[PDB]
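A.B. asks: data31.cif (mmCIF, C-alpha atoms) pasted underneath:
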data_start
#
loop_
_atom_site.label_atom_id
_atom_site.label_comp_id
_atom_site.auth_asym_id
_atom_site.auth_seq_id
_atom_site.Cartn_x
_atom_site.Cartn_y
_atom_site.Cartn_z
CA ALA A 23 109.00 95.87 122.51
CA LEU A 24 107.19 98.70 120.76
CA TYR A 25 105.33 98.13 117.51
CA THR A 26 103.91 101.20 115.71
CA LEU A 27 101.49 101.72 112.83
CA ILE A 28 101.05 105.18 111.36
CA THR A 29 98.85 105.70 108.35
CA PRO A 30 97.34 108.82 106.80
CA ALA A 31 94.19 109.86 108.65
CA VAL A 32 92.30 109.72 105.35
CA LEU A 33 93.06 107.32 102.46
CA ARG A 34 92.51 108.20 98.79
CA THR A 35 90.87 105.39 96.85
CA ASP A 36 92.28 104.46 93.41
CA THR A 37 95.30 106.44 94.53
CA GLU A 38 98.52 105.01 95.92
CA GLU A 39 99.31 105.54 99.61
CA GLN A 40 102.24 104.81 101.88
CA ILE A 41 102.01 103.64 105.52
CA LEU A 42 104.72 103.58 108.21
CA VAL A 43 105.30 100.42 110.30
CA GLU A 44 107.98 100.24 112.97
CA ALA A 45 109.72 98.00 115.48
CA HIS A 46 111.30 99.75 118.48
CA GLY A 47 113.79 97.58 120.33
CA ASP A 48 113.88 94.29 118.40
CA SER A 49 116.99 93.63 116.37
CA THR A 50 115.59 90.30 115.22
CA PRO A 51 114.23 90.28 111.57
CA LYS A 52 110.57 89.75 110.52
CA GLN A 53 108.06 89.11 107.72
CA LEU A 54 104.65 90.72 107.95
CA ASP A 55 101.41 90.87 106.02
CA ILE A 56 99.46 94.06 105.32
CA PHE A 57 95.68 93.67 105.09
CA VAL A 58 92.83 96.06 104.42
CA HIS A 59 89.18 95.18 104.83
CA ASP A 60 85.99 97.10 104.25
CA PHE A 61 84.64 98.55 107.49
CA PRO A 62 82.96 97.29 109.40
CA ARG A 63 82.05 94.05 107.66
CA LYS A 64 85.54 92.74 106.69
CA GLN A 65 83.73 91.10 103.74
CA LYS A 66 86.51 91.38 101.14
CA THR A 67 90.29 91.79 101.10
CA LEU A 68 90.81 95.24 99.50
CA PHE A 69 94.57 95.03 99.64
CA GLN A 70 97.01 92.40 100.79
CA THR A 71 100.79 92.42 100.53
CA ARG A 72 103.91 91.14 102.31
CA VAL A 73 107.10 92.83 103.47
CA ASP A 74 110.25 91.72 105.25
CA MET A 75 111.58 94.03 107.99
CA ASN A 76 115.19 93.57 109.00
CA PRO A 77 117.67 95.44 111.23
CA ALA A 78 119.42 96.98 108.22
CA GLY A 79 116.35 99.07 107.42
CA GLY A 80 116.36 100.75 110.84
CA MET A 81 113.67 98.23 111.79
CA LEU A 82 110.89 100.04 109.98
CA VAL A 83 109.08 100.01 106.68
CA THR A 84 107.28 102.18 104.14
CA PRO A 85 104.86 99.81 102.37
CA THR A 86 102.75 101.29 99.62
CA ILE A 87 99.12 100.17 99.54
CA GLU A 88 96.43 101.02 96.99
CA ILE A 89 92.69 100.59 97.58
CA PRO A 90 90.72 100.40 94.34
CA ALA A 91 87.52 102.46 94.46
CA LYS A 92 86.35 99.84 92.00
CA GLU A 93 85.78 97.76 95.19
CA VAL A 94 83.88 100.39 97.26
CA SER A 95 80.14 99.83 96.65
CA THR A 96 79.10 102.94 98.60
CA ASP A 97 77.97 106.33 97.26
CA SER A 98 79.41 109.68 98.46
CA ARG A 99 76.26 110.20 100.59
CA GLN A 100 77.89 108.82 103.78
CA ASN A 101 81.40 108.28 105.23
CA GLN A 102 82.51 104.72 104.51
CA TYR A 103 85.54 103.34 106.38
CA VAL A 104 88.25 100.85 105.64
CA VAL A 105 90.48 99.01 108.14
CA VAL A 106 94.21 98.45 108.17
CA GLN A 107 95.91 95.44 109.66
CA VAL A 108 99.46 94.20 110.01
CA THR A 109 100.39 90.66 111.10
CA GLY A 110 103.52 88.61 111.80
CA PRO A 111 106.12 87.34 114.32
CA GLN A 112 105.25 88.68 117.77
CA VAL A 113 103.13 91.44 116.16
CA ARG A 114 99.70 92.59 115.01
CA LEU A 115 98.26 96.08 114.54
CA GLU A 116 94.87 97.33 113.57
CA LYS A 117 93.67 100.76 112.56
CA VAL A 118 90.36 102.01 111.18
CA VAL A 119 90.48 104.95 108.78
CA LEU A 120 88.26 107.11 106.64
CA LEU A 121 88.15 106.91 102.86
CA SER A 122 88.21 109.64 100.20
CA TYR A 123 86.79 109.02 96.76
CA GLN A 124 89.06 111.82 95.53
CA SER A 125 90.41 111.24 92.06
CA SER A 126 92.22 114.39 90.95
CA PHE A 127 92.57 118.02 89.91
#
Would you write out, as structure tokens, the structure that this file holds?
C.D. replies:
Amino acid sequence: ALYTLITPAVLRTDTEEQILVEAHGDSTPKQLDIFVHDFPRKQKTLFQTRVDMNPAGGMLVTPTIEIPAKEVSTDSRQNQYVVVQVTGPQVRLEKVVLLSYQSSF
């Protein structure tokens, strides 16, 4: 009965990231899509993928997304957001987060 989405508060473009998605109390399997759209306009699909979540895996998942900064048209002059989304059987979740252009060290 409880579906959770935890992602990093701030997501690094052109750098892999991992987000936590859980089902609390629901021993019946599932197959969900992970979607990320530019905020606020939802103009383009930045990242899409699909994962199965079964009882074996504790009923949770660690999908790895990866926004390409090649798809962020903004400059570093103001804080541009992107929005996370999960959808499937008896579930949907939606979370807006901030984006870092960080490359490296």
A.B. asks: Please evaluate the PyMOL selection byres ((chain A and resi 122) around 10) against the structure above and give the resulting residues as a PyMOL selection string.
C.D. replies: chain A and resi 32-37+91+98+101-103+120-121+123-125
A.B. asks: Keeping C-alpha atoms, export the residues of the selection given above as a compact mmCIF listing (two decimals), in the frame of the given file.
C.D. replies:
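The file below, result.txt, is the result:
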# COMPACT_ATOMS: atom_id res chain seq x y z
CA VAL A 32 92.30 109.72 105.35
CA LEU A 33 93.06 107.32 102.46
CA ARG A 34 92.51 108.20 98.79
CA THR A 35 90.87 105.39 96.85
CA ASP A 36 92.28 104.46 93.41
CA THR A 37 95.30 106.44 94.53
CA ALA A 91 87.52 102.46 94.46
CA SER A 98 79.41 109.68 98.46
CA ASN A 101 81.40 108.28 105.23
CA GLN A 102 82.51 104.72 104.51
CA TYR A 103 85.54 103.34 106.38
CA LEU A 120 88.26 107.11 106.64
CA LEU A 121 88.15 106.91 102.86
CA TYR A 123 86.79 109.02 96.76
CA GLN A 124 89.06 111.82 95.53
CA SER A 125 90.41 111.24 92.06
A.B. asks: Mind pulling up the distance from atom CA of residue A:58 to atom CA of residue A:115?
C.D. replies: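 Separation of atom CA of residue A:115 and atom CA of residue A:58: 11.5 Å.
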A.B. asks: Apply the PyMOL selection byres ((chain A and resi 30) around 12) to the file shown and report the selected residues as number ranges by chain.
C.D. replies: A: 27-29, 31-34, 38-42, 86-87, 106, 117-122
A.B. asks: Between A:49, A:26, A:67, A:109, which has the minimum distance to residue A:83 (counting only C-alpha atoms)?
C.D. replies: A:26
A.B. asks: Here is a test: counting all atoms listed in the file, which residue of A:89, A:127, A:99, A:25 is nearest to residue A:59?
C.D. replies: A:89
A.B. asks: At a cut-off of 6 Å, using all atoms listed in the file, what residues contact residue A:60? Leave out same-chain residues fewer than 2 positions from it and give the result as a list in words.
C.D. replies: residues 62, 64 and 104 of chain A
A.B. asks: The PyMOL selection byres ((chain A and resi 51) around 6) - which residues does that actually catch in the file I just gave you? List them as a tab-separated table (two decimals) with C-alpha atoms, in the frame of the given file.
C.D. replies:
chain	number	residue	atom	x	y	z
A	50	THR	CA	115.59	90.30	115.22
A	52	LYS	CA	110.57	89.75	110.52
A	75	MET	CA	111.58	94.03	107.99
A	76	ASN	CA	115.19	93.57	109.00
A.B. asks: Do you have the atom CA of residue A:84-atom CA of residue A:63 distance handy?
C.D. replies: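 Computing it gives 26.7 Å between the two atoms.
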A.B. asks: Rounded to one decimal in Å, what is the spacing between atom CA of residue A:74 and atom CA of residue A:55?
C.D. replies: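 So the answer is 8.9 Å.
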A.B. asks: Which one is closest to residue A:78: A:48, A:93, A:108, A:126? Count all atoms listed in the file.
C.D. replies: A:48
A.B. asks: Here is a test: counting only C-alpha atoms, which residue of A:100, A:95, A:112, A:53 is nearest to residue A:68?
C.D. replies: A:95
